[PDB]
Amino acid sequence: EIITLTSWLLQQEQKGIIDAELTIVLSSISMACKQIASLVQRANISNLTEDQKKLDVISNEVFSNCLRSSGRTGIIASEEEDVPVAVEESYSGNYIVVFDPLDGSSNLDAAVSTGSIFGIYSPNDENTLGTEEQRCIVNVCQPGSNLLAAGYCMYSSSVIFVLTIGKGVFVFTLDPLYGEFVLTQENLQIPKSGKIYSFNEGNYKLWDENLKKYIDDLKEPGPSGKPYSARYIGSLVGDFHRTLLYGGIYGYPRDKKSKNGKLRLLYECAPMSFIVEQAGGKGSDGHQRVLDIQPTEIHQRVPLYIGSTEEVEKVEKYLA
């Protein structure tokens, strides 16, 4: 009947899919998410005695404490208006965890939802982090080949923990009563196609003529007489989640103001892409597969078109 994250994790290890060390890591990350989820809910009251960013920091500390049993954790400072990234390195040096505490620094975008994003890499042979460490992490963490697991935790009307250890996507819902994550969905599959596009059309006049065209053909009441549906929360995790469940396409293209997209490759795009690919979808930068793009910079950015396989291929068409 009821399967908790812990039960589910131990079974996997019993099957030898993951080792105790990784079971502890994944368990600790979720522990952190249970606490971050609570900070988010009481944030208004907390403030009685702007706030979104101050929350990023607090969330990274909770993360560090929860993983003190597995390894030390440094921090990659937000270059720009970004969220500071916490990087944990196992004392064993067998696992590294890149953790994105909250999905945004804006209060507007976190009005109804937000979430954490994480990825786990395994080094081969080769508190703020310095330039000598940053360049090192960047080289050590390659999403394409050494990314073992990834997931996110959505904090919205419900707290969802999504995870993939390389063999499918599992969804665990947090039970408010018992403070535990219960498996509510196995091997999640994102629909092949969906009549839903998730873009910020406020920037329509900043997009390339390629994209303006794609965007325009969506508004054309198709075969039936029903045009695509537009949905854009502003929250990467929230918008991504809805795309994962109901299908469609999400996109954060490059514009006049942002010549190379806003979403960071290693911290946000890579985990989301690995997950979607396990859910049977596609994650592209417009012309190519996100995972193959090897990070050369610390806060490297890239355009994102992620979601249903047919929907993404469609946009790729207008952009070639």
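From 1 onward, residues are counted along the sequence shown.
The entry shows a gap from residue 126 to residue 127, with 10 or more unmodelled residues of the deposited sequence in between. Deposited sequence between residue 49 and residue 50: 10 or more residues lack coordinates. Relative to its counterpart among 217 to 225 and 150 to 158, 217 to 225 has the higher mean temperature factor, C-alpha atoms as listed in the PDB entry. For the pair 135 to 143 and 199 to 207, the mean B factor over Cα atoms is greater in 135 to 143. Per the deposited coordinates, the residue with the largest Cα temperature factor out of 280, 261, 271, 283 is 261.
Note on the listed residues 293, 39, 276, 33: the highest Cα temperature factor in the record is that of 293.
Annotation for residue 122: C-alpha temperature factor in the highest third relative to the rest of the modelled chain, per the entry. Looking at the C-alpha B-factors along this chain, the one for residue 81 belongs to the highest third.
Sort the modelled residues of the chain by CA B factor and residue 177 lands in the highest third.
Ranked against the other modelled residues of its chain, the C-alpha B-factor of residue 115 as given in the entry falls in the lowest third. For residue 89, the recorded CA B-factor ranks within the highest third of the chain. Only modelled residues enter the ranking.
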